[PDB]
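Here is the structure we will look at, set down as structure tokens.
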Amino acid sequence: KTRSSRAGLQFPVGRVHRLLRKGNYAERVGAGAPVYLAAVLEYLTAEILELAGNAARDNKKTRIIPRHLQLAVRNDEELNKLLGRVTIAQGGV
Amino acid sequence: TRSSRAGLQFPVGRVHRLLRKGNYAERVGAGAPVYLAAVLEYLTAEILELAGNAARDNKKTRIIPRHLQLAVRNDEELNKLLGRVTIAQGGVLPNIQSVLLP
Amino acid sequence: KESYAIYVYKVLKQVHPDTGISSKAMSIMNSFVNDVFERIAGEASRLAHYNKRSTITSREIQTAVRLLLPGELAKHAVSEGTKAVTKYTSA
Amino acid sequence: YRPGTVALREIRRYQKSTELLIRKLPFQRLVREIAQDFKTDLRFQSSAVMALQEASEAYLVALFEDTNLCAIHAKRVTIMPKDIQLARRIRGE
Amino acid sequence: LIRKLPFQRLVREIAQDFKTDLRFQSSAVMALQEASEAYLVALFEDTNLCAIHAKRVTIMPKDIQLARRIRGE
Amino acid sequence: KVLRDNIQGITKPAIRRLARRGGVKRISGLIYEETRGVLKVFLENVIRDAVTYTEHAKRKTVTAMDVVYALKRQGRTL
Amino acid sequence: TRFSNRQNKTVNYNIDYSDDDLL
Amino acid sequence: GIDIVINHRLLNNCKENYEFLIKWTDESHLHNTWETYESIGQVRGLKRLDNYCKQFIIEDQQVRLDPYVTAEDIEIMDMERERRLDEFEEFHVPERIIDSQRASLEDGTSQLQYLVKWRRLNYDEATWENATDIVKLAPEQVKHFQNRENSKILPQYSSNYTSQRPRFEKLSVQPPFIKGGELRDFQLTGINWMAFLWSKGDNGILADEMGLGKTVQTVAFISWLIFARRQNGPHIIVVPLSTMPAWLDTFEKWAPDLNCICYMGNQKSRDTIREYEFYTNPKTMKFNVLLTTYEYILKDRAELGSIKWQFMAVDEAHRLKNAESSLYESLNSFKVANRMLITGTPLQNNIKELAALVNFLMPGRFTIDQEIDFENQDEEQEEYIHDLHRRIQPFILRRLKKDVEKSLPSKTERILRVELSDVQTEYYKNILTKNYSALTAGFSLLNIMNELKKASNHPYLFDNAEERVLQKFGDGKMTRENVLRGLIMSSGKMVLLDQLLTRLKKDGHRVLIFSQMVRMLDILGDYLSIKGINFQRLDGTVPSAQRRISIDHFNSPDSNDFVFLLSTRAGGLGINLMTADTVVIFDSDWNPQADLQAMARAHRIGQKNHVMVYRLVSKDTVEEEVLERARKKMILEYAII
Amino acid sequence: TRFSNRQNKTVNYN
Ligand SMILES: Nc1ncnc2c1ncn2[C@@H]1O[C@H](COP(=O)(O)OP(=O)(O)O)[C@@H](O)[C@H]1O
Ligand code: BEF
Ligand SMILES: [Mg+2]
């Protein structure tokens, strides 16, 4: 089975494994690294999306929108302080 | 070929072969199958055009019997030509007599 | 073109399938994904160079993420990475 | 929706519909039972049964249209058997 | 909040100073609006913090200068 | 038609709206000219680098991607 | 590449309907 | 509340002594009364009186104290006075009653009020006023209101026709419905052919020449199909703004008994129209026909799209160029039993526009597609364009005056090749050369064609040019005459046209000026005024009433304003200027048909005399290339015919 | 189904 499905991961391990070469980050890359990277990428996006889903749901909207993302991002201090210099286009204060 | 000499699509050779095989007459002049094939494929072109318009109005990629029935009943000339003809998976032209409605 | 929106849709359906997403929000997610990726990768590279290493491994990224990431998110993500690579390698 | 609306709905449904309106196994059973009266032991192409089915439905619906026209001519909405008999006689059957 | 036509005319004026001949994607103008609004609002929140620290309801230009120095410089 | 938009385009009501979004209660009438100046400086800083990005592409047109590059690094520092 | 050249009326096909005032 | 006074009669003297013809916020114009400052006292809106006091002060200053104000400027002030006061008197005459109601008064009595709309005025003013005055001032309007209340020409009186279409064939009789004049064979054959096309079931195009009767023809046809085809359900006529009054006037003369309306104005106006004028017992809609402009469709797209329209009619239908136009979208979100597209030239530019038109008439029915397209000469495209021609011909009506009515005298048309001034040569070179210093001396190169074209008409389109010119003259600034010279010298076309204008002034000829460029039409307005000329301007900026009355006055035979100055985009369309014998164009557009339309603004059923047409063409400049491309576009028209 | 590991403050965004 594919490397992602072997890991159970929902991201293109092959792309990122390629990208690790394509970005010159190192002339060698070890097989777990793109897998480990994909795992944390999935985890990170899940955490934000969960909060943003609550934000849309709380606003009675099915559509997740920048407002709902921004509201989520600023409500978690960790995400907010992690993302303190990220600016959300059409994300209101 | 003869069909290509005429510029027809229909198989002039085939229809000539049938005209012999059908024993319609002891003699079959060479013009007969050309003329017949021409008017035949003209007729099919007509009804195909109408069936295509029916498929467009039903918004379907594939022509199906319903579209044929709709086209052929809607064209008075064809319906007259086909007043005793019917098709599988056809159907009545959707219509209700006004007096039945409130 | 080289974009994650399909993977976003996967995890979106995996996390809140009752929610749609605006293309704007989807693009923001793509920008976000690219930002975090280049952040962790650029760090791990410079750490590897500091360690005089021509290769990047799980340890480098596992260290880099613990450097970049807030303390809870770090150990949670680290555990997720170690679990995932364990499944991958045990397979 | 005001009673009798069901009639209009059924009419528009079945005119929209093309599909067979009658139970197929009863029909095939009946036809082979009749055929046995003409001659025993006939086997059937299933397609033959389908063709007969289509013809039977088409003929019946034609007759029903004819009888509806008669019924409206009588200035009543209920079709009556005498209407069938008239329509059949006018058709010369 | 801020008006795209005036804003983009200002933007083109300043660009015209550096290049003297430009073209712009409308997406670029949008992005500049978003950036400028966010930056200004943040600076307003700072300068308000300054004004209330000085126990004024009005913000004062001194508060802008101070905020810009402390955060920006 | 004598006025020039670059200063005037950013105008008392819009500044008031920005301040209200920034939660400001009241403002001195002097503030607007400071903010226009600051805005010019802020804008001036970013667009210069966008120009140089566009130069390195040798293109006449400036894209949102060039803006994103200039705005990315400059925004994080500021 | 083939076209009718008969004169014809304008005609349209519609299967569908609504029970607007049957309530 | 206070409303702003009609007139004034007898600074502290101005405040104490004088008297003003007030109006009030809740009372119709006929409730005007003479009132005084202390008699009214402090009342809501008194700043309007302050404004009028300031106005009256400056009126006194301009009329009486300023020694420079010339007698003709006093006459223009008297014109402004009497014209506005007469228009206030027109606001004092009703135009329409909308409904009637009886209401209780504070005395416990009751009175019957008619919801009255007023002339030159709309349903923002219109209000319930006691019939006691309506019945004596406009019993004709009372009669018409009682008709419009009761025509039974309404959506509920007609069915869903599309299942059946009976035949029609051409006829030779004057339409009996019509009060407004006398169709000739061509207008009647319009009616006939549209009726035949309807009787095939179809949607059609009318492209008999510009000004040839379409409006009267289309109202006669809509009347015929209402009466003949029982088309009692709503019809929507979409119209360019400037012509909406004329269309109304057509009805108001040709079938004045019809119950039809024009839909315009602020949300309040449109709301009061919808609820009072459209709705019965809010729904079913009182009117048979609604006039609208294009944008007022977008203003109520889904709302008006909720009506089951029986007929769409479209003036200047090339307004619908392509399927993606927001108008084209909205009109195809609407559904209708019939469509009719009116334009004296059926295509401006290109086969794709005509394809979009025919798709709007009969979507997909015509195999018109890029795969065969207008190579300038090609046997295959020339064959297919004649095939499309014969395919469409049953569905288009087209004629010229040359066919229609030889009585209508022809047009002289000529190009006026003219040389650049030195100023022109300098600036044009300074566009050919890339001189940022010259730009800094008076600033963008980002559209060189536009910069050089507008320069080529006039260097004063760069504002520093007027300074540097009149300063290098030195005397130019100093006097009106020196300014006039320093201006007019600066373009050879301006010198030539000034000579021609002086000739026409001696001739007494009446003339239309057209340009693409509003700033040039401003410079020319200033030139006319400093030359002491009597004229009107029109462009897309002037609102409905002032533009309308300007057209009316200029068409009035006593109009001493012998020149009309027009934009092309607004003024070149729809309108008849029958008082003008001559037309001049400063600059052709990319599109020739727009120029033909401008010509049509002179060239009309109403033109008494042979017209003369002149195009001001600068020597050795791009407009010659523009003209050749426009001629190629006309070759496409000649190919489709 | 993509469960979240962190235990975090509940939020109302409405
Ligand atoms: N049947 C007619 N009899 C007399 N005059 C007419 C007739 N039809 C049109 N006209 C004249 O034409 C003018 C209207 O031009 P019109 O034909 O309505 O423009 P278009 O039809 O091109 O939009 C009116 O002023 C009117 O005097
Ligand atoms: F529309 Be017509 F040509 F005035
Ligand atoms: Mg017209």
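Residue numbers (PDB author numbering), protein chains in the order written: chain R, 15 to 107; chain C, 16 to 117; chain Q, 31 to 121; chain E, 41 to 133; chain K, 61 to 133; chain L, 20 to 97; chain T, 125 to 147; chain W, 178 to 187, 204 to 475, 481 to 640, 646 to 844; chain S, 125 to 138.
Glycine included, every Cβ here is placed at the ideal spot set by N, Cα and C.
Residue 345 of chain W is classed as exposed because its beta carbon has fewer than 16 other beta carbons within 10 Å across all chains shown. Within the DSSP secondary-structure output, residue 46 of chain E pairs in no beta bridge.
Looking at the DSSP output, residue 287 of chain W shares a beta bridge with W/311.
Under the three-state reduction of DSSP, residue 321 of chain W is assigned to strand.
Taken from the Cβ of residue 387 of chain W, every heavy atom of ligand 2 lies 7 Å or farther away. Under the Cβ distance rule, residue 82 of chain Q does not count among the residues neighbouring chain R, no pair being separated by less than 8 Å. Under a 10 Å Cβ-count criterion, residue 66 of chain R is classified as buried, with 16 or more other Cβ atoms of the shown protein chains found around its own Cβ.
At a threshold of 7 Å, residue 803 of chain W counts as near ligand 2, since its beta carbon sits closer than that to one of the ligand's heavy atoms. Residue pairing by DSSP places residue 610 of chain W opposite W/815 in a beta bridge.
When the Cα atoms are used, residue 83 of chain L and residue 91 of chain L turn out to be separated by approximately 12 Å. Judged by their CB atoms, residue 127 of chain K and residue 110 of chain K are nearer to each other than the 8 Å cut-off. DSSP places residue 718 of chain W within a strand segment (E or B) once states are collapsed to three.
Rounded to whole angstroms, the separation of the alpha carbons of residue 735 of chain W and residue 544 of chain W is 41 Å. Contact between the stretch 419 to 434 of chain W and the stretch 512 to 527 of chain W is established, with three or more Cβ pairs separated by less than 8 Å. By the beta-carbon neighbour count (other beta carbons within 10 angstroms, threshold 16), residue 772 of chain W is exposed. Residue 125 of chain S has a beta carbon lying within less than 8 Å of a beta carbon in chain Q.
With 7 Å as the limit, the residues whose C-beta approaches any heavy atom of ligand 3 more closely are W/407, W/408, W/436, W/513, W/514, W/540 and W/777, in sequence along the chain.
When W/571, W/262 and W/331 are compared, the shortest CA-CA separation from residue 842 of chain W is found for W/571. DSSP places residue 112 of chain K in the uninterrupted alpha helix (DSSP H) bounded by 86 to 113. Nearest to residue 115 of chain Q by alpha-carbon distance, out of Q/88, Q/72 and Q/69, is Q/88. Rounded to whole angstroms, the Cβ separation of residue 386 of chain W and residue 412 of chain W is 16 Å, and the two are not in contact under 8 Å. The C-beta distance from residue 307 of chain W to residue 288 of chain W rounds to 12 Å, too long to meet the 8 Å contact threshold. Residue contact with chain R for residue 54 of chain Q: present (Cβ-Cβ distance below 8 Å to some residue of chain R). When CB distances to chain L are screened at a threshold of 8 Å, the residues of the stretch 69 to 85 of chain K falling below it are 69, 70, 71, 73, 74, 75, 78, 79, 81, 82, 83, 84 and 85, in chain order.
Apart from the 5 residues on each side of it in sequence, residue 312 of chain W sits with its Cβ closer than 8 Å to the Cβ of 283, 284, 286, 287 and 288 in its chain, given in chain order.
Around residue 648 of chain W, the beta-carbon contacts reaching into chain K at under 8 Å are 81. Judged by DSSP in its simplified three-state form, residue 443 of chain W adopts helix. The three-state reading of DSSP puts residue 495 of chain W in helix, counting H, G and I together. Residues of chain R whose Cβ lies closer than 9 Å to the Cβ of residue 101 of chain K are, in chain order, 107. Of the residues C/32, C/101, C/82 and C/110, the one whose Cα lies closest to the Cα of residue 45 of chain C is C/32. Cβ contact annotation for residue 296 of chain W (same chain, cutoff 7 Å, sequence separation greater than five): 303, 304 and 306, in chain order. Residue nearest to residue 85 of chain C within the set C/109, C/96 and C/26 is C/109 (criterion: CA-CA distance). For residue 33 of chain L, the enclosing alpha helix (DSSP H) covers residues 31 to 40.
Cβ-Cβ distances below 8 Å link residue 294 of chain W to 305, 306, 308 and 321 in the same chain, with the five nearest sequence neighbours on each side left out; the list follows chain order.
For residue 225 of chain W, the CB contacts under 6 Å within the same chain, skipping 5 residues up- and downstream, are 183, 214 and 216 in chain order.
Against chain S, the beta carbon of residue 98 of chain Q has no neighbour under 8 Å; the closest one sits roughly 16 Å away.
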